[PDB]
Every structure is written in structure tokens, then in C-alpha cells.
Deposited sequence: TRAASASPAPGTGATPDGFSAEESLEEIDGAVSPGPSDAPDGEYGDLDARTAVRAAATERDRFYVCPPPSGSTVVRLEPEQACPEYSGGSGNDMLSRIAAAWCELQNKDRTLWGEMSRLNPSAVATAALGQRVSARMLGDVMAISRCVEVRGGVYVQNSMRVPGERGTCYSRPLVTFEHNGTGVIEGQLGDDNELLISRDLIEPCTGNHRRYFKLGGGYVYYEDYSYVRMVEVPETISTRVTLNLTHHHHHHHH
């Protein structure tokens, strides 16, 4: 899948989450339940907007967007594809400090940033954690995954095993 950078949301585009919607023979009990379902779910969507507004808004608009909460309202900025080659960097240790490492891999792309959630590329290399033993991480990188051990790069891996929360109809 594609790489995006996410431009900071300005206080310009301000939107909110579509409120609960009023609700209206076996094609009719289904329609009302479907409505009541959608309404109730909005409470879950509400809670997520608080913490992960970006991901609530991408799902809502069907496009890659960045978001921040400015209180009780959302500030939307469109994301941009990175056509280039992206390159991951061997170490994940911070060259100026010991006992601190980047929590996610460093990359360079066409600038010196680091890998975010779901193939987002950041410019800010500032996701850091205290270092650990048995440090093992798999990071989604484009179509595949890249594996790290003791914060030193190891290999690109496939992860075929899959778990699902879909309901089959």
C-alpha cells in the first residue's frame, strides 16, 4: 500500500461528526434496526474521535486525512502520496543518548523522518522510548513488514497469518 505524508491541520477547515439520525415488512424492521445500529455506533465513533481523530476522519471521508481536535470540533488536512522510494534505516537507537531509542523505524524519503502508523511518513524523528531487552518489533512498511531486533534492522518479513473481526453474510 501507498505512503503518505500528513500536512498539519490549520484552523481553517473545521468540521464535526454527523450527529445521531432520526429513525423512520421484513424490509422495514431491518431498516429501522440498521438505523438504531448506526446511531448507537456513533457513540463508539465519538470516543475514537477524541483520541484518534485522524483515523475517524479517514474512514468517514474515504481518503487519507490528518486530523486534530480543537476542543469539540475537528480540523482536517488532506494527506499526500509519496511516489518515491522509501528507505528504512538500520539502527533505531538515538545517536546522542544511550537507554533511549526511536519507538518506530527511521526512514529517508523524497528528507529525514520516521515510520508512523499505517504507512504514514513523518518528518519529525521524535517518537522515542527507553530501550528494552528482547526488543522485537514488526513494522508495516508499504506492502510488507520489516522486522527489528534489539533496535537493529534484520529483514523484511511477510506475515501471512490473519485474524478477522468481520461478520460473514
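*Asks:* What are the unmodelled segments when the structure is compared with the full deposited sequence, in sequence order?
*Replies:* No C-alpha for residues 1-60, 85-92, 179-184, 244-254.
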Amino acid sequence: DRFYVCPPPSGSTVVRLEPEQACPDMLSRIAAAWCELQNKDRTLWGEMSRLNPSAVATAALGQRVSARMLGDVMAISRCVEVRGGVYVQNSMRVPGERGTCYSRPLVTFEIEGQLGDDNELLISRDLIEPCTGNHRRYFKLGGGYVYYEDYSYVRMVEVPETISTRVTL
From here on, numbers count along this sequence of modelled residues.
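*Asks:* Averaging only over Cα atoms, indicate whether 150-158 or 12-20 has the higher B-factor in the PDB entry.
*Replies:* Stretch with the higher mean C-alpha B-factor: 12-20.
*Asks:* Tell me which of 28-36 and 119-127 has the higher mean C-alpha B-factor in the deposited entry.
*Replies:* Mean B over CA atoms: larger for 28-36.
*Asks:* From the list 69, 57, 107, 101, select the residue with the highest C-alpha B factor recorded in the entry.
*Replies:* Across 69, 57, 107, 101, the entry lists the biggest C-alpha B-factor for 101.
*Asks:* Quick check for you: using the entry's CA B-factors within this chain, is residue 135 in the lowest, middle or highest third?
*Replies:* Within its chain, residue 135 is a highest-third residue by C-alpha B-factor, going by the deposited values.
*Asks:* Taking the entry's C-alpha B-factors for this chain, is residue 75 in the lowest, middle or highest third?
*Replies:* Lowest third - that is where residue 75 ends up once the chain's C-alpha B-factors are sorted.
*Asks:* Among the modelled residues of its chain, does the C-alpha B-factor of residue 65 lie in the lowest, middle or highest third?
*Replies:* As the PDB entry reports it, the C-alpha B-factor of residue 65 lands in the middle third of its chain.
*Asks:* Divide the modelled residues of the chain into thirds by Cα B-factor and specify which third, lowest, middle or highest, holds residue 82.
*Replies:* Lowest third - that is where residue 82 ends up once the chain's C-alpha B-factors are sorted.
*Asks:* Sort the modelled residues of this chain by their C-alpha B factor and say whether residue 164 lands in the lowest, middle or highest third.
*Replies:* It falls in the bottom third of the chain.
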